[PDB]
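> Following this: a sequence and the matching experimental structure.
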Amino acid sequence: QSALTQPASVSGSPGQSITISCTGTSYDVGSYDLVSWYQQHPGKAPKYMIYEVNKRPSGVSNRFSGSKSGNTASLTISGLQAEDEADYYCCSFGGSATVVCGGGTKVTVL
Amino acid sequence: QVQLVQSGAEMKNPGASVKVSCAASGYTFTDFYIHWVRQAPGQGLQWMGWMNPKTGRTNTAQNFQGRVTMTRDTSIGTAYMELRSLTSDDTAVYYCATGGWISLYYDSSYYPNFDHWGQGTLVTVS
Amino acid sequence: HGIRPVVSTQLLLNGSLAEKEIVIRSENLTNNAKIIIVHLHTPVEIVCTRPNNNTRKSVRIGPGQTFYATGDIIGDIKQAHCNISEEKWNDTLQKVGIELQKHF
Amino acid sequence: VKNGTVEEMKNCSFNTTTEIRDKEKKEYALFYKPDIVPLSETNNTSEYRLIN
Ligand SMILES: *[C@@H]1O[C@H](CO)[C@@H](O[C@@H]2O[C@H](CO)[C@@H](O[C@@H]3O[C@H](CO[C@H]4O[C@H](CO[C@H]5O[C@H](CO)[C@@H](O)[C@H](O)[C@@H]5O[C@H]5O[C@H](CO)[C@@H](O)[C@H](O)[C@@H]5O)[C@@H](O)[C@H](O[C@H]5O[C@H](CO)[C@@H](O)[C@H](O)[C@@H]5O[C@H]5O[C@H](CO)[C@@H](O)[C@H](O)[C@@H]5O)[C@@H]4O)[C@@H](O)[C@H](O[C@H]4O[C@H](CO)[C@@H](O)[C@H](O)[C@@H]4O[C@H]4O[C@H](CO)[C@@H](O)[C@H](O)[C@@H]4O[C@H]4O[C@H](CO)[C@@H](O)[C@H](O)[C@@H]4O)[C@@H]3O)[C@H](O)[C@H]2NC(C)=O)[C@H](O)[C@H]1NC(C)=O
Ligand SMILES: *[C@@H]1O[C@H](CO)[C@@H](O[C@@H]2O[C@H](CO)[C@@H](O[C@@H]3O[C@H](CO)[C@@H](O)[C@H](O[C@H]4O[C@H](CO)[C@@H](O)[C@H](O)[C@@H]4O)[C@@H]3O)[C@H](O)[C@H]2NC(C)=O)[C@H](O)[C@H]1NC(C)=O
Ligand SMILES: *[C@@H]1O[C@H](CO)[C@@H](O[C@@H]2O[C@H](CO)[C@@H](O)[C@H](O)[C@H]2NC(C)=O)[C@H](O)[C@H]1NC(C)=O
């Protein structure tokens, strides 16, 4: 009803770069800088990867990056490995003092 | 160092109400917002609400506004969240996470900066 | 020249600047009951804000005229405040000190 | 405001005459406390007044 939109699955071989899109509306994602990206392995909590479109927390190198243009944002993985197969979730500011998260994207390594 | 401890798994009948707990450590439970999120089995994340643990102000999504209640005890540093009128949709894994920085000068409530996460509680409705 | 009709007490906002030095004006500095107008050569930038996200609600009072009031506060409650740079304000107060010390 | 009080604003409710002058409706508004003065010395602490 109100969740964000993401592609279902993106796949790629090791050594390549993988782009995941996150598309909402003008009031939610196109209004502020507040976009975050989380990575989840099965059987555990999601792991903090990207906050505020392109900034990075501790423990994350330049393997992961982000961008935003208009009503959409994007995660980029450079130098893909076998450990990067996961689910990836996009959360953002959701309008009228709310945050909203969409259905995630399954990354499978070839 | 900073880690969030939740309660055990619960199973209830439909029409009841559940209380998920969340114990804080390291950051003394104040000075950070606390966000409650939900994940159905095999589905994506769903955000349910936030709590300002310093002053008790809580907010939640437009779908959940009649059914969720967030309270806290600051002496031991623990958060409680009640969900009312349980249905077969509501069986899910429930996560407690930190948020923005309480600052008294700018609204840091809607910042989706979930630093540390709990282990999640499975709430089963049958 | 274009005079800004700025309504403000205890400070003067968005006014004209003196050309080369801070100018201190009074009718007579001996009398205590005269407001001493200090005119700064360089301005100090002040930024003011109300952070809480108010809304506007219209109440129809009588025939065809409305009264606009505050509804809900959509978000969290924060403090309305002004900010002045500390180093520049301390420097400005020291300079107002030296051209006050010209008369004392 | 959402399960917590504000220290500056009161949630004042009052009976407005509508555009139909024999009929009235109840309305509410959030007023700043410098705009609001308690009404009198009577035995009701929940009844207030505009500062005008
Ligand atoms: C007007 O005016 C006013 C004034 O007056 C204003 O207000 C303001 O505003 C602003 C805005 O911006 C603000 O700012 C903010 O802030 C915040 C806070 O900060 C603070 O705090 C912190 C923390 O602390 C802690 O820790 C530490 C360590 O570190 C310690 O030491 C302490 O103690 C603490 O502890 C804790 O715990 C305890 C217990 O034990 C308790 O008790 C307590 O309480 C606590 O809680 C800190 O840190 C800081 O500091 C910093 O800074 C400073 C300055 O600069 C310096 O000096 C220092 O040193 C530091 O540094 C940093 O950095 C570095 C680099 O290298 C490093 O190394 C270190 O470590 C540090 O870190 C303070 O104190 C803050 O936080 C913020 O930031 C944030 O946010 C943003 C947005 O939101 C973003 O963007 C960024 O990035 C950030 O983020 C981050 O964080 C968060 C949280 O908060 C998260 O969530 C995220 O995620 C991130 O994280 C991540 O990442 C990182 C990196 O990146 C890492 O590290 C981590 O780990 C992770 O991973 C901001 O900045 C302020 O505050 C205010 N103020 C008041 C007073 O409030 C207003 O605004 C005006 N207005 C107008 C209109 O203008
Ligand atoms: C600070 O408060 C302001 C309000 O004073 C707030 O701005 C409002 O945000 C909401 C979004 O949550 C806007 O509502 C939208 O309005 C457009 C009008 O064209 C509609 O198309 C939208 O409908 C969609 O979303 C609905 C859910 O809200 C769905 O039910 C619907 O089917 C559509 O999917 C939506 O209603 C509203 O217009 C603004 N108001 C203004 C004046 O901008 C702002 O977000 C608050 N700030 C913060 C930081 O929270
Ligand atoms: C804020 O606090 C109130 C009062 O505790 C909560 O509302 C009621 O909570 C009690 C038990 O805590 C229940 O008996 C009622 O059924 C609740 N009523 C309603 C209308 O919710 C409320 O849930 C709290 N949170 C918010 C966001 O208002």
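Received, thanks. Numbering: from 1, shown residues only, chains lettered A, B, ... in the order given. Ligands and ions are numbered 1, 2, ... in the order given.

> Would you state the helices of chain C in chain order?
Taking DSSP state H as the criterion, chain C contains helices spanning C:86-101.

> Around chain B, pick out the residues from it.
Within chain C, the positions adjacent to chain B are C:51, C:52, C:53, C:75, C:76, C:77, C:78, C:79, C:81 by CB under 8 Å from any CB of the partner chain. For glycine as for every other residue, the C-beta is placed from the backbone atoms N, C-alpha and C.

> and the second one, how many neighbours?
Here the neighbour count serves as a burial measure; for residue C:52 (other CB atoms under 10 Å in any protein chain shown) it reads 17.

> what's it in contact with, if anything?
With contacts defined as CB atoms under 8 Å, 6 or more residues apart in numbering or on different chains, the neighbours of residue C:52 are B:107, C:73, C:75, C:76, C:77, C:78, C:80.

> again with the first one
When contacts are counted by CB under 8 Å, 6+ apart, residue C:51 touches B:105, B:106, B:107, C:78, C:79, C:80.

> same check, this time on the fourth one
When the contact criterion is CB under 8 Å, 6+ apart, the partners of residue C:75 are A:97, B:59, B:107, B:109, B:110, C:52, C:53.

> give me that answer again for 7 Å
Applying CB atoms under 7 Å, 6 or more residues apart in numbering or on different chains, we find residue C:75 in contact with A:97, B:107, B:109, C:52, C:53.

> With the third one instead?
Neighbour list for residue C:53: A:97, C:73, C:74, C:75 [criterion: CB under 7 Å, 6+ apart].

> can you list these in TSV and add distance to residue A:24?
Below are these laid out as TSV (distance: CB to CB, whole Å):
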residue	distance to residue A:24
A:97	16
C:73	25
C:74	19
C:75	19
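
> between those, which has the most around it?
Of all these, the highest neighbour tally under other CB under 10 Å goes to residue C:75, namely 20 neighbours.

> And it, how close does it get to residue C:42?
As for residue C:75, its distance to residue C:42 is 37 Å (criterion: CB to CB, to the nearest Å).

> need the contact list for the residue lying closest to residue B:113 once chain neighbours are set aside.
What sits nearest to residue B:113 in space, not counting adjacent residues and going by CB to CB, 6 or more residues apart in numbering or on different chains, is residue A:51, at 5.0 Å. If you count contacts by CB under 7 Å, 6+ apart, residue A:51 has them with A:36, A:57, B:113.

> go on, residue B:121?
Contacts for residue B:121 (CB under 7 Å, 6+ apart) come out as B:6, B:7, B:8, B:9, B:10, B:20, B:93, B:94.

> By neighbours, which of the residues you listed wins?
Of all the contacts of residue B:121, the highest neighbour tally under other CB under 10 Å goes to residue B:94, namely 24 neighbours.

> a strand runs through it, doesn't it?
Yes: checked against DSSP: H, G, I helix; E, B strand; the rest coil, residue B:94 lies within a strand.

> quick one: it and residue B:120 touch, right?
Yes: counting by CB atoms under 7 Å, a contact exists between residue B:94 and residue B:120, whose distance comes to 6.3 Å.
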